[PDB]
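Novice: Have a look at the structure that comes next, please.
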Amino acid sequence: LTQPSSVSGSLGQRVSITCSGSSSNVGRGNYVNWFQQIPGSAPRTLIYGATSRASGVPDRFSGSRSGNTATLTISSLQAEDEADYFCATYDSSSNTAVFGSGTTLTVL
Amino acid sequence: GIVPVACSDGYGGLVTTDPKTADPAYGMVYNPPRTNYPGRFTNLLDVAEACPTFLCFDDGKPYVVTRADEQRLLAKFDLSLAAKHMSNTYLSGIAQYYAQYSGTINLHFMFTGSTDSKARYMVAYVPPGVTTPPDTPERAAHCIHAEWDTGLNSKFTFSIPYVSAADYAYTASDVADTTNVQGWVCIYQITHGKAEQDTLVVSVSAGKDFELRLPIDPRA
Amino acid sequence: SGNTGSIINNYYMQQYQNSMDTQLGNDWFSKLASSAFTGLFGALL
Amino acid sequence: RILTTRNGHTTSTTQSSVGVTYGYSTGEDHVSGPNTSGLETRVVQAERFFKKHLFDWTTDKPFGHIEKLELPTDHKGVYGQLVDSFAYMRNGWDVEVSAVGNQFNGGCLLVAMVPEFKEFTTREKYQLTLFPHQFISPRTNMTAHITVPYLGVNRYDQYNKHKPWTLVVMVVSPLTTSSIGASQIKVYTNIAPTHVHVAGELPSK
Amino acid sequence: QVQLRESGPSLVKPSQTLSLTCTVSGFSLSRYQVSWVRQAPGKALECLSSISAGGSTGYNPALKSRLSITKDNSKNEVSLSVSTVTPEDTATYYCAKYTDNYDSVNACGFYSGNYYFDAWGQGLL
Amino acid sequence: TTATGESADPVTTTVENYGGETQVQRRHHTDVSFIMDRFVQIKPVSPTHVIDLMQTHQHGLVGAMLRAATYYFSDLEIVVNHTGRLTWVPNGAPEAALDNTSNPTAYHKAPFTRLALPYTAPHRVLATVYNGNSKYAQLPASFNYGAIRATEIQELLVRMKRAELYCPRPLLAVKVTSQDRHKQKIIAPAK
């Protein structure tokens, strides 16, 4: 998919990352999965179904998707939040799960 | 000589579900007369049986759309009344109050697609003797199942047989049980012709033999 | 009956006093103890 | 008094059998309960005798040395496939246990079928005769035949999750060997499911 | 606790089949779908293959027939072997367990959007 | 009678065998239904206690008799000395349902309140001992008769009405060691 290479948000300030694909890759009816991966560690799923948080994940993370654009917004940013974020969705035309290029969130 | 009542101790306390009727505190009053008022339903179970309700699905939508990818199983849900798929259904809502339920649960599947599109769907009930649901339309063929082609009659109703070791089964599955209390039920689309973006509406209604008992009060 | 000894029809109906019981369209140990071989097995004197 | 019992196509005949003992009921209870909605179907293929090897009885073993085999045991036969392929099934055990001795060695062995078996504290072993049982002794009968109708809280219970009947053999009298008599006598049990019924039909892998 | 562990060669000679094994502990390998995800160095992830509970063994369409995945419930190990390994396809390999069983299979997980990967494991290159 | 005795046939000898006369016997007191009627105290009792069998002490007469039969079906007549409103719900109903108060509840009374509750177990007959736990050797959770929730319960009394017992098991009466008799102190009038 196509998303910003990096986004910078200060601690205690809400940060929004936007993931945009195509109508086939992300349908209005369809939803996307948000994965947060710390460098040197395996990826962790933060948002599944594009509007919910997996067990063991804090409530600050929020995911909103409109049309072909899926946006993950993090509030009350913390030192642990800095990581590489990947948005994963299934493209019907491709018929294979398609992952985003990758967005790195940096806290000033 | 006054009769000796010899009243008992420790019993006769007012009970919320007690059958005893309280003494009348007012004079007889004749209420406005209503004769053969329309829509009156004597039994809650009859209302669930008479009119079927939709099942919750992905993104709060009842119809199961034909998978874009080559997947023969449209959806698989636990047979227990307290299941996410049936969470929004009316039959589960009345059933939630009752402690346990018995009898077959009827599932009505009605195709809602254009005349040019023709597809074949199979609904298979899997008993709780396996760790997981029939993985595929063939593997699930061995267990009780019905395959119906979509023709002039859009809706095909398959009744889920109720088979369990216990005569009655708890309506809501307890947290301690890590596996479904009763068997999962799976809907499989074995063959679809030009069914891309075609939706089949699936609904659940109380069966003729279906009955509820031991009413209790779970928080909703 | 069990230990009920009040000689009067119970105030509450059977359906509310107990759990009404159903059947499917006995006392095996009484049958056994009754079918008990009594007496000798050979000639008596 | 020779007694011949035939289940399905397999017949076991014991010349020294003292008789057949039925535990809790001459016949089984009504098969079609409110649960399963009449889906249960009787299978006569599974009603066959299957041999099993119990603890070998020896003089060293003392009184109270009970050996318990839970039924249904692992089965490589049609019945074993049937329990694996069917979610709920009910059958009468009809357990037959035969210990062959020279009849010059006198020992009393008590074989009983106890429902929902729980380990005894050995105080219970003295009154363990309450359950249906027969005594296997070389002096009179080398084979004990016990038929018990299946009894459970549920009409049909998955065998993998719970097993209702466990065959238990207890040595009432320690076997006393003699020069003429057999040094030790092995114990084997031929058990054939009776009136087995299956329902729910479980999908194969 | 849920734990996934990957065991395999870090360096392999090209033009050979790469075999990997995922050692699972904490959850029964027969109740949860396992998906193999490979990532390219500093590159977006690419879902590679998956196996459902009953062993659907679905493979990603782009690399389909270049790899075979076999999972054994008794040994609690999921094995993914990739044939014709090449220098271009060099990235960390992640083995994860899907909450659902046979949720997608053709796509290795997250096609429905209801069940999501619970544990991604340590990972292996 | 010189019965074979290896087939375990039920043979009972009588006084008439050697010139004696068999006396009339009345067994109303030892009847299984009659013996179960007496109330048996349940220990320990705590808030939101689940009113189910095998809580009663084994040694207790109602408990020993109940333990004697593997399968028992009866209607309870629970007596609870609650210090707060007590709510009783069916076994199928969840723990959260006790707080609702829509289900049967008894308001506080000066004396302990006695409430008769029907047997709601889904199983055809409850089992004192179950072989193999039921999940996805401990007796299953479904066997409990009901759940009663109160602010605090001083004591709980359980009485079985119309109890039926099947498949008898060993009584296991108190063991006597190094004695020819138990020699317990029987009630004696003061001299």
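Bear in mind that the values in this text are calculations on the coordinates, not laboratory data. Every residue, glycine as well, gets a Cβ built from its backbone with ideal geometry; the counts of neighbours run over all protein chains shown.
Novice: Are any of the residues in region F:131-145 aliphatic (A, V, I, L, M), closer than 20 Å to B:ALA166 by Cβ and more than 10 Å from chain B (Cβ to nearest Cβ)? So that I can check it myself, show each step before the final result.
Specialist: Filtering region F:131-145 for residues aliphatic (A, V, I, L, M) gives F:137, F:139, F:141.
Of the ones still in play, those that are also closer than 20 Å to B:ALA166 by Cβ are F:137, F:139, F:141.
After this cut, where a residue has to be more than 10 Å from chain B (Cβ to nearest Cβ) as well, the list is F:137, F:139.
Looking for residues that are aliphatic (A, V, I, L, M), closer than 20 Å to B:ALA166 by Cβ and more than 10 Å from chain B (Cβ to nearest Cβ), one finds at least one in region F:131-145, hence yes.
Novice: Being out of contact with any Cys (no Cβ under 6 Å at 6 or more places or on another chain) and within 14 Å of chain F (Cβ to nearest Cβ) narrows it down to one of B:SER92, B:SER117, B:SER80, so name that one. Quick ask: steps written out before the conclusion?
Specialist: Values: B:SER92 fails: within 14 Å of chain F (Cβ to nearest Cβ); B:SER117 fails: within 14 Å of chain F (Cβ to nearest Cβ).
Just a single option satisfies the conditions, and that option is B:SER80.
Novice: For a quick check of your reading: which strands (runs of 3 or more DSSP E) sit entirely within region B:124-199 and have at least 1 residues that are hydrophobic (A, V, I, L, M, F, W, C) and more than 26 Å from B:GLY60 (Cβ to Cβ)?
Specialist: Working: elements: B:145-149, B:155-160, B:184-193.
In region B:124-199, the matching strands (runs of 3 or more DSSP E) lie at B:145-149, B:184-193.
Novice: What number of residues within region B:24-59 satisfy the criterion of being under 25 Å from B:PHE111 (Cα atoms) and assigned to a loop (DSSP other than H, G, I, E, B)?
Specialist: Count: 5.
Novice: A follow-up question, please. Here are D:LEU3, D:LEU39, D:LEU54: which of them is touching a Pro at 6+ places or on another chain (Cβ under 6 Å) and not small (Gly, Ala, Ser)?
Specialist: Values: D:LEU3 fails: touching a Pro at 6+ places or on another chain (Cβ under 6 Å); D:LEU54 fails: touching a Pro at 6+ places or on another chain (Cβ under 6 Å).
Every option except D:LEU39 fails the conditions.
Novice: Same structure, new question: Just to be sure, is F:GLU164 in a strand (DSSP E or B), surrounded by fewer than 17 Cβ atoms within 10 Å (Cβ to Cβ) and more than 14 Å from chain B (Cβ to nearest Cβ)?
Specialist: The answer is yes for F:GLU164.
Novice: Of the residues that sit in region B:163-180 and are at the interface with chain F (Cβ under 7 Å from one of its Cβ atoms) and hydrophobic (A, V, I, L, M, F, W, C), which one is farthest from the chain's Cα centre (by Cα)?
Specialist: Filtering first and then ranking leaves B:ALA176.
Novice: Considering every residue within region F:123-140, establish whether at least one is in a loop (DSSP other than H, G, I, E, B), more than 30 Å from B:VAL130 (Cα to Cα) and not hydrophobic (A, V, I, L, M, F, W, C). Give the steps one after another, and end with the answer.
Specialist: In the first step, residues of region F:123-140 are kept if they are in a loop (DSSP other than H, G, I, E, B); the result is F:123-125, F:128-140.
Narrowing further to those that are more than 30 Å from B:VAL130 (Cα to Cα): none.
No: zero hits.
Novice: Ok, one more. So, of the residues in region D:133-153 that are more than 7 Å from every other protein chain (Cβ to nearest Cβ) and of a type in the set (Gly, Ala, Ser), which turns out to be farthest from F:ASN133 (Cα to Cα)? If you could, list the steps in order and put the result at the bottom.
Specialist: In the first step, residues of region D:133-153 are kept if they are more than 7 Å from every other protein chain (Cβ to nearest Cβ); the result is D:136, D:138-139, D:142-150, D:152.
From what's left, of a type in the set (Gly, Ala, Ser): D:144, D:152.
Numbers: D:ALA144: 31, D:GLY152: 14 Å.
Going through the qualifying residues, I end up with D:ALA144.
Novice: Being of a type in the set (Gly, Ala, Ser) and crowded, with 20+ Cβ neighbours inside 10 Å is the filter; apply it to region D:85-125 and report the residue that is farthest from D:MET170 (Cα to Cα). Reasoning before the result, please.
Specialist: The first filter runs over region D:85-125 and keeps only residues of a type in the set (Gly, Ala, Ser), leaving D:85, D:87, D:92, D:98-99, D:101, D:106-107, D:112.
Right, trim to crowded, with 20+ Cβ neighbours inside 10 Å and you get D:87, D:92, D:98-99, D:101, D:107, D:112.
Working: D:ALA87: 33, D:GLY92: 22, D:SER98: 14, D:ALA99: 13, D:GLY101: 17, D:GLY107: 11, D:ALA112: 8 Å.
Among residues in region D:85-125 that are of a type in the set (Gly, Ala, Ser) and crowded, with 20+ Cβ neighbours inside 10 Å, the one farthest from D:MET170 (Cα to Cα) is D:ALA87.
Yes/no per residue for (1) buried (at least 23 other Cβ atoms within 10 Å of the Cβ); (2) more than 11 Å from chain B (Cβ to nearest Cβ); (3) in contact with a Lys or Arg (Cβ under 7 Å, 6 or more places away or on another chain); (4) of a type in the set (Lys, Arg):
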residue: D:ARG155; (1), (2), (3), (4): yes, no, yes, yes
residue: D:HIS162; (1), (2), (3), (4): no, no, no, no
residue: D:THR166; (1), (2), (3), (4): no, yes, yes, no
residue: D:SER179; (1), (2), (3), (4): no, yes, no, no
residue: D:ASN190; (1), (2), (3), (4): no, yes, yes, no
residue: D:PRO193; (1), (2), (3), (4): yes, yes, no, no
residue: D:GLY200; (1), (2), (3), (4): yes, no, no, no
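Novice: Another question, then. Tell me, which residue of region E:7-35 that is within 14 Å of chain B (Cβ to nearest Cβ), assigned to a loop (DSSP other than H, G, I, E, B) and on the phi < 0 side of the Ramachandran plot is surrounded by the fewest Cβ atoms within 10 Å (Cβ to Cβ)? Step through it out loud before you land on a result.
Specialist: Looking only at region E:7-35, we keep the residues that are within 14 Å of chain B (Cβ to nearest Cβ), and these are E:26-34.
Subsequent filtering for residues that are assigned to a loop (DSSP other than H, G, I, E, B) retains E:26-32.
Next, from what is left, pick out any that are on the phi < 0 side of the Ramachandran plot: E:27-32.
On the way: E:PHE27: 17, E:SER28: 13, E:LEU29: 22, E:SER30: 19, E:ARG31: 16, E:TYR32: 22.
Among those that are within 14 Å of chain B (Cβ to nearest Cβ), assigned to a loop (DSSP other than H, G, I, E, B) and on the phi < 0 side of the Ramachandran plot, it is E:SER28.
Novice: Something else: Could you list, in sequence order, the residues of region F:119-130 that are facing another protein chain (nearest Cβ under 7 Å) and crowded, with 18+ Cβ neighbours inside 10 Å? Can you show your working first?
Specialist: Of all residues in region F:119-130, those facing another protein chain (nearest Cβ under 7 Å) come to F:119-120, F:122-127, F:129-130.
Once the filter is applied, which keeps residues that are facing another protein chain (nearest Cβ under 7 Å) and crowded, with 18+ Cβ neighbours inside 10 Å, region F:119-130 yields F:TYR119, F:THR120, F:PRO122, F:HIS123, F:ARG124, F:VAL125, F:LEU126, F:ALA127, F:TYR130.
Novice: Among strands (runs of 3 or more DSSP E) lying entirely in region D:1-108, which contain 3 or more residues that are closer than 29 Å to D:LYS205 by Cα and within 14 Å of chain B (Cβ to nearest Cβ)?
Specialist: Numbers: elements: D:3-7, D:10-14, D:20-22, D:50-53, D:67-71, D:88-92, D:95-99.
In region D:1-108, the matching strands (runs of 3 or more DSSP E) lie at D:88-92.
Novice: Scan region E:30-45 residue by residue and report those that are within 11 Å of the chain's Cα centre (by Cα) and closer than 20 Å to E:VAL85 by Cβ. Even if it seems obvious, please write down each step before you answer.
Specialist: Going through region E:30-45, the residues within 11 Å of the chain's Cα centre (by Cα) turn out to be E:33-38.
The answer is E:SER35, E:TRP36, E:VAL37, E:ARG38.
Novice: Sticking with this one: What residue, among those in region D:111-124 that are in contact with a strand residue (DSSP E or B) (Cβ under 6 Å, 6 or more places away or on another chain) and within 8 Å of another protein chain (Cβ to nearest Cβ), is farthest from F:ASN131 (Cα to Cα)?
Specialist: Kept after step one, since they are in contact with a strand residue (DSSP E or B) (Cβ under 6 Å, 6 or more places away or on another chain), are these residues of region D:111-124: D:111-117.
Subset that is within 8 Å of another protein chain (Cβ to nearest Cβ): D:114-117.
Details: D:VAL114: 10, D:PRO115: 8, D:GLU116: 4, D:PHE117: 6 Å.
Restricting to residues being in contact with a strand residue (DSSP E or B) (Cβ under 6 Å, 6 or more places away or on another chain) and within 8 Å of another protein chain (Cβ to nearest Cβ), the top hit is D:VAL114.
Novice: Among B:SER80, B:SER87, B:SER102, which is among the small types (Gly, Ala, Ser), touching an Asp or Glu at 6+ places or on another chain (Cβ under 7 Å) and within 28 Å of B:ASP174 (Cα to Cα)? Quick ask: steps written out before the conclusion?
Specialist: Details: B:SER80 fails: touching an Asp or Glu at 6+ places or on another chain (Cβ under 7 Å); B:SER87 fails: touching an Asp or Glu at 6+ places or on another chain (Cβ under 7 Å).
Only one candidate qualifies: B:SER102.
Novice: Moving on to the next point. Need at least 1 residues that are of a type in the set (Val, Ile, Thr), within 14 Å of chain C (Cβ to nearest Cβ) and crowded, with 16+ Cβ neighbours inside 10 Å per element, so show me which strands (runs of 3 or more DSSP E) inside region F:1-107 make the cut, counting only ones lying wholly within it.
Specialist: Values: elements: F:40-42, F:69-76, F:79-82, F:86-90.
Correct list: F:40-42, F:69-76.
Novice: Let me ask you something else. Would you check if there is a residue in region F:33-53 being out of contact with any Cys (no Cβ under 9 Å at 6 or more places or on another chain), more than 29 Å from F:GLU152 (Cα to Cα) and not β-branched (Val, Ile, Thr)?
Specialist: Taking region F:33-53 and keeping what is out of contact with any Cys (no Cβ under 9 Å at 6 or more places or on another chain), we get F:33-53.
Applying the additional criterion that residues be more than 29 Å from F:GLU152 (Cα to Cα) yields F:33-35.
In the following step, the residues that additionally are not β-branched (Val, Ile, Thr) were identified as F:33-34.
Looking for residues that are out of contact with any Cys (no Cβ under 9 Å at 6 or more places or on another chain), more than 29 Å from F:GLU152 (Cα to Cα) and not β-branched (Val, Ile, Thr), one finds at least one in region F:33-53, hence yes.
Novice: What single numbered condition from (1) within 12 Å of chain E (Cβ to nearest Cβ); (2) surrounded by fewer than 17 Cβ atoms within 10 Å (Cβ to Cβ) fails to hold for A:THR106?
Specialist: (1)
Novice: With the structure loaded, tell me whether A:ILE38 is buried (at least 21 other Cβ atoms within 10 Å of the Cβ) and of a type outside the set (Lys, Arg) or whether it fails that test.
Specialist: Working: buried (at least 21 other Cβ atoms within 10 Å of the Cβ): no; of a type outside the set (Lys, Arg): yes.
In short, no.
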